[PDB]
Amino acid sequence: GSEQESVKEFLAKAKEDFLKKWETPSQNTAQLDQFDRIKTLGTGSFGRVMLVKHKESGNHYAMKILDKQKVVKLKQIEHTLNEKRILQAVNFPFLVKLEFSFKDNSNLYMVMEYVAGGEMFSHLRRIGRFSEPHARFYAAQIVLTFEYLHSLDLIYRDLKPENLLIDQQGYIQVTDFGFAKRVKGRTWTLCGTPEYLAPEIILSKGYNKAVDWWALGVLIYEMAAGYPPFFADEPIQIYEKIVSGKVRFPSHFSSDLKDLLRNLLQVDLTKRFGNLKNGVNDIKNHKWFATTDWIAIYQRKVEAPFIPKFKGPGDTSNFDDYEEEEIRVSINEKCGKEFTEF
């Protein structure tokens, strides 16, 4: 079909740009002092993210901060290098845009555009659950995002509402590329968030891009049910439900939605949607998605069901409060060798 084809072309042309950047990455585009540090927007793995303000242009950004030494003790050097290298080469509407990246004696810094609407996570917990139509508008942008990433041979491997921000127009922006990796072929690292881990993973069998599609499965359920499919208090109990191959859907889920889900939440890779002949196409054409005008989604033409409230530039209202911590820079360089190409 004509519609595909157009996709294929766009995608081809997109691969061309990314390679260009993938092969000749940006480095040292700024310095710490060019920004006023305002407030911690959230935390994560071994880093923190802060609202910052660009002294020279007046813009606000979100700056992610990694302690070199910490990354080293936690064996995350390759992941960190990968994160930055991938983030700087990508370009897609639903991905956060990296502005600058730089380093110093003790840290690694990534400056991205500020997405003020907050984590999907918080709206989600507050609201309880999203309506099938609301959930679909979100899922759709994730489907197109993964279609993009996967085409570039990238595996994103940490989908979760805590990593999806809502912008000014109600659209999503995926963040946290810390486990993103470019591989042709199989991978084996043990990483992700327990509730979202594909079975092959927990089973450490070696895996591919299909883990992303299982994740999208979890995400969709969570969104619509207001709780993940496999929940417990201790990770291990969680791992046992994921492998057991048993899901129970709520009574309010449409039949189309459970159909999609039982396909996505498929234990057998051979049978999992996204990892077969028609690829992503089996998802885009699913019945649940009959109403989605994928191109208009792409173009941000659809009306967002919910638009967060943004009161002023630098408004942090849509994010929780965190203990601020001092940023310390040694008058001594930490692990230069390890982070040379950063």
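When you see a residue number, it is the position in the sequence shown, counting from 1.
With 245-253 and 195-203 compared on mean CA B-factor from the PDB entry, the stretch scoring higher is 245-253. Of the two stretches examined, 13-21 and 319-327, the record assigns the greater average C-alpha temperature factor to 319-327. Note on the listed residues 208, 82, 266, 237: the highest Cα temperature factor in the record is that of 237. Within the group 37, 55, 286, 64, the record's highest C-alpha temperature factor is found at 286. Ranked by Cα temperature factor within the chain, residue 290 sits in the middle third according to the deposited record. In the PDB entry, a CA B factor belonging to the highest third of its chain's modelled residues is recorded for residue 109.
When the modelled residues of the chain are ordered by C-alpha B-factor, residue 132 sits in the middle third. Among all modelled residues in its chain, residue 73 ranks in the highest third by Cα B-factor. Among the modelled residues of its chain, residue 146 has a C-alpha B-factor that falls in the middle third according to the deposited record.
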